[PDB]
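Before any questions on how it binds or moves, here is one chain, the form solved without ligand COA, in structure tokens.
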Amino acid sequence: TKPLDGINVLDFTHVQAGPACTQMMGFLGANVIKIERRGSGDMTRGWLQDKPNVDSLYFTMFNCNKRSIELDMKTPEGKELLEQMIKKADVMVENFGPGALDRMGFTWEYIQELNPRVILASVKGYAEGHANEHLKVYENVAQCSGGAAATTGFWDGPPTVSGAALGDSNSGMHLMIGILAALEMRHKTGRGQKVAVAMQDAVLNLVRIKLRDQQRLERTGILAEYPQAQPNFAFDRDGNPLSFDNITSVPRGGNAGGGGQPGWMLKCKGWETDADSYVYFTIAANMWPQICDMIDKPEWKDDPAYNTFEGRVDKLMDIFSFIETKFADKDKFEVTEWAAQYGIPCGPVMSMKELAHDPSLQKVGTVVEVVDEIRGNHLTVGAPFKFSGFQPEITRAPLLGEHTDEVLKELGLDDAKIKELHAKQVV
């Protein structure tokens, strides 16, 4: 009937990690009240605007299903207003930095006093107690700190950031797990908890497979499925071989599978003119026979050299170079359809152009057209979890302070006090 219907979210967040978390809670039915500073608001509003004096797409795509109040919290009457809101809130969400909320007059300890049931949820750069606990962290800094950058890209290039928001939105989603887990605890104890997610830790969690590989490397001195282990395939700077001699930390493997199933990024017709004309092709062991049939190589079916993972690992790049010749006169989707005949794990690199206007993603509610009568409609990503008993209803992002008076009435305030709060500039 809507999972978070009746959950009151007092939302101090700004930028991406925090706002991503509360938006998604909003999509699941929560009543999200965004507290914004008087005059300015969330810095995403003015960030890379596509039209002057209109809230940016950075703002709108992270702040749907929210209401906005302006509030000067450096003010005695504003701190009092927060106290009432805190008494009515189920969860407060924040990303102010290492000691900022306490400095504002709101200790965890004081918060428990005001409401024994409220949950305090925070995003930080580094975990509390960490030596770098006070370092400031944006998106790519967190990718660097959590091991992703070191292990992404190519052996002869730099550490490389992912286009995906491994640091920001990923942290927000991990924080949503934490908040929902604290809600389940509260059903037993009747009490709220403090939950926090550090961006470094959210990234490390997705980089679990590389910590696996670091241990494998420490124990054996080799990762036989990595490109560096193939006979003279990779080269340093001066034209000579690379190898796991002298490699002590997980290296970049380009477009290697990253797991138990070898893969590579294979060019398709149009690659010279189109940056996204590629397919990813995975050799799943249980269907090497089917692969042999597609690429017309019956000799490889019965040959220990090309028919087991172990036989295969010393010449992966020759096998991928050869499969790739088969795709030179076929586009992405033709290659994909061809492979779907055999149930092969092969699919296209989808461009952002293709995804934004894909009819399937819109049918299933993953890409959603938001009706925004103030700014014009925009696309967004909806809820990536689909439920049998409920569908989200996505609603446009709030103007700065649009809901101030409406929210103040909900607390229980008169037209007298509201009009004087506007004169005193606390709202």
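So that there is no doubt, residue numbering starts at 1 and follows the sequence shown.
- The PDB entry records a higher mean C-alpha B factor for 298-306 than for its counterpart among 298-306 and 242-250.
- The deposited model assigns a higher average Cα B-factor to 188-196 than to the other stretch when 188-196 and 209-217 are compared.
- Looking only at 121, 118, 223, 81, the residue with the top Cα B factor in the deposited structure is 81.
- Across 10, 17, 25, 407, the entry's maximum B-factor at the CA atom is seen for 407.
- The entry lists a Cα temperature factor for residue 353 that places it in the lowest third of the chain's modelled residues.
- Per the PDB record, residue ranking by Cα B-factor puts residue 39 in the highest third of the chain.
- In this PDB entry, the Cα temperature factor of residue 138 sits in the middle third of its chain's modelled residues.
- Per the deposited record, the Cα B-factor of residue 278 falls in the lowest third when ranked against the other modelled residues of its chain.
- In the PDB entry, residue 103 places in the highest third of its chain by CA B-factor.
Just so it is clear, the following notes concern the form deposited with ligand COA bound, a form of the same protein that is not shown.
- Shown alone, this chain has one stretch from 181-189, 298-306, 113-121, 68-76 that lies within 4.5 Å of ligand COA in the bound PDB entry by heavy atoms: 68-76.
- In the bound PDB entry, at least one heavy atom of residue 17 sits within 4.5 Å of ligand COA.
- In the bound PDB entry, at least one heavy atom of residue 37 sits within 4.5 Å of a heavy atom of ligand COA.
- Ligand COA in the bound PDB entry is not approached by residue 148, whose heavy atoms all lie more than 4.5 angstroms from it.
- In the bound PDB entry, ligand COA lies within 4.5 Å of some heavy atom of residue 104.
- With the partner omitted from this view, the residue of 350, 313, 222, 100 that lies near ligand COA in the bound PDB entry is 100 [heavy atom within 4.5 Å].
- Screening 244, 138, 333, 154 for any heavy atom within 4.5 Å of ligand COA in the bound PDB entry leaves a single hit, 138.
- Contact annotation for 143-181: a single residue, 168, has a non-hydrogen atom within 4.5 angstroms of ligand COA in the bound PDB entry.
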